[PDB]
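*Asks:* Note that the sequence shown covers residues 1 to 123 in the authors' numbering.
For each residue, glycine too, the CB sits at the ideal point set by N, CA and C.
Handing you this structure, nothing more for now.
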Amino acid sequence: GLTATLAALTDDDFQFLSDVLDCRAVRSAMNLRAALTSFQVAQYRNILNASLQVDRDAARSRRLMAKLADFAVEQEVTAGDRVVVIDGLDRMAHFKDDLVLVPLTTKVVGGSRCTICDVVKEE
């Protein structure tokens, strides 16, 4: 889609967002262990959050709209889930204790890379 979509994303694209907001961890590849800033995090939040409103399905937007409200919220990660990086992730990387994150899905929205990785135990 990229240009063909611009801002009016379809159920296919929004499906990717539903998974992102569903993720347990939300950080940036350039600095996964360190956040950016209060305005920075909110900035990226406005990007996707803006996609919801402009969306065609006002009902569906409500569901994700609330899921985004907790963007980058303090929660315990676990295997099977996924970590959404605001920058991306092409290679596998550790997250904590012994859990490693492997590249699962990379999508660019509003000119911002968004990679998701499955949380698997390094063994």
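What does the Cβ neighbour count give for residue 137, buried or exposed, with the cut at 16 atoms within 10 Å?
*Replies:* With the chain represented from 1 up to 123, any question about residue 137 goes unanswered, as that position is not in the structure.
*Asks:* Within 10 angstroms of the Cβ of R27, are there 16 or more other Cβ atoms? Answer buried if so, exposed if not.
*Replies:* It is buried - the Cβ of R27 has at least 16 other Cβ atoms within 10 Å.
*Asks:* Checking the sheet assignment: what are the DSSP bridge partners for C114?
*Replies:* In the DSSP output, where bridge partners are listed per residue, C114 has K107.
*Asks:* Which residue marks the beginning of the alpha helix (DSSP H) containing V41, and which one marks its end?
*Replies:* Note, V41: alpha helix (DSSP H), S38 to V54.
*Asks:* With DSSP as the reference, please indicate the residues paired to residue 129 in a beta bridge.
*Replies:* Residue 129 lies beyond the stretch modelled for the chain, which goes from 1 to 123, so this question has no answer here.
*Asks:* Here's a check: name, in chain order, each residue in its chain whose Cβ is nearer than 7 Å to the Cβ of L36, leaving out the five neighbours to either side.
*Replies:* These residues qualify, in order along the chain: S28.
*Asks:* Would you call the stretch 80-92 and the stretch 57-64 in contact, with 3 or more CB pairs under 8 Å?
*Replies:* Touching, no, given that fewer than three Cβ pairs across the two stretches are closer than 8 Å.
*Asks:* With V77 and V119 assumed to form a contact (beta carbons below 8 Å), what rounded beta-carbon distance in angstroms separates them?
*Replies:* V77 to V119, Cβ: 6 Å. Contact.
*Asks:* How big is the Cα-Cα spacing for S51 and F14?
*Replies:* Computed Cα separation, rounded: 9 Å.
*Asks:* Taking the alpha-carbon positions, what's the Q43 to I116 distance?
*Replies:* If I take the Cα positions, the gap works out to 19 Å.
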